[PDB]
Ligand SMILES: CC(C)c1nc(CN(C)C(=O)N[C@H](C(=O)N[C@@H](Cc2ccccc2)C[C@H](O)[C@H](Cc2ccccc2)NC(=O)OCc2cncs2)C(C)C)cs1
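Encoded as structure tokens, the following chain is the form solved without the ligand, with no partner shown.
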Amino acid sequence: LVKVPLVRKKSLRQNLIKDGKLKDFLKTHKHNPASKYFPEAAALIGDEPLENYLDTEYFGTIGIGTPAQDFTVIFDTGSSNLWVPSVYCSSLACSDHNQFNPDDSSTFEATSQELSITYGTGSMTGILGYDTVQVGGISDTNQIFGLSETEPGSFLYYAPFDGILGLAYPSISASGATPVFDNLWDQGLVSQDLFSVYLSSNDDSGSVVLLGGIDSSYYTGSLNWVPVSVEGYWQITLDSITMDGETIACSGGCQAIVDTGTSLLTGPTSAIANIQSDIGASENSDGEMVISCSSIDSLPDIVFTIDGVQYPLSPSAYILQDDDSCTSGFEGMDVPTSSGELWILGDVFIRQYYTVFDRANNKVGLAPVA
């Protein structure tokens, strides 16, 4: 099977905290994760184009060119472009990162098409080029990708990743560059038009992106299939959210986006504040909603109901445990008033439920991890 191993690393947020750089950032900027999903919510001050990747924790490796140049990338179901830093990226933030040198690859083909990539909090520009991308042992020929050249914001310097590899639909791809998965399928390089993600528990190694297959070894029970409600992001319909039997959000149903680019459950500010207080989370000096590790066993499960099946999350799942340091896996966002209630199901969710992304039938399948 084609497997891309994923490694769990300390997030960009954890690195900013460690370098004492986060408090200042937060003082002068308002962080709203909703900006990654809605044009309307784009950041007032776009000087940190990678702000929406503060909480990413899993990364994989890809090689580009002939011979291959390696890069650490985020496998992001919440975006659809592939980009890595160009060797022409002179920014201080590009230092200490793997950079692509087009002149070292005999299969690289330049284009004069400009790339403008934005995740709702500023843009990065570069150029589009074509090369062979090595992903999971497959040689993805003639893959169009972006080469980032302009200032990427100081956050790149502290990021454990060099670029991003988008797994969403082509309709949200910047400059209509073809996404990697689409290119794989169009070329007959994968068995089926689907991919699955398995995240191992407790920062273990064993996590993988499975391209073109479903592996019964990673789940128990049967897979529940849910239709994609709006094609763009991997968006589905949620029936309700309960805590201790009580409905606490998504009353009457709501939308949810499955996003591997974030480790947290993100929802409306008000619903989230309720939950944080209920679980005893408290914001420290840095951004952090800390919780006592010792109180975990006293918390209730949060239950997501999807297509009539119940998906409970126990406290051990929704509380991030960094040796003796525990943080809440919930984060709030403000979506356009236009927009209905929206929840983001990130790694906390996926680590408990093996997920299948079916492009042939436009459905998401879920089952409890084995």
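Residue indices: 1-based, along the sequence shown.
Omitted from view is the form deposited with the ligand bound, to which the following refers.
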May I ask you to decide between open and blocked for this site, after superimposing the site C-alphas so that the ligand adopts its pose in the deposited complex, counting ligand atoms within 2.4 Å of backbone or C-beta atoms with 3 as the threshold?
blocked
Quick one: does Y233 come within 4.5 Å of the ligand in the deposited complex, counting heavy atoms only?
yes
Contact between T56 and the ligand in the deposited complex at 4.5 Å, heavy atoms?
yes
Could you tell me if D76 has a non-hydrogen atom within 4.5 Å of the ligand in the deposited complex?
yes
Although the partner isn't part of this model, could you tell me whether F71 comes within 4.5 Å of the ligand in the deposited complex, counting any heavy atom of the residue?
no
Residue among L238, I117, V209, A177 with a heavy atom within 4.5 Å of the ligand in the deposited complex:
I117
Which residue, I172, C254, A271, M243, is the contact with the ligand in the deposited complex, using a 4.5 Å heavy atom cutoff?
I172
Please name which of the stretches 158-166, 294-302, 210-218, 104-112 has residues with heavy atoms lying within 4.5 Å of the ligand in the deposited complex.
158-166
Quick one: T121, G261 and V335 and the ligand in the deposited complex, is every residue within 4.5 Å by at least one heavy atom?
yes
Contact check, 216-230 vs the ligand in the deposited complex, heavy atom within 4.5 Å, ordered by sequence, gives none
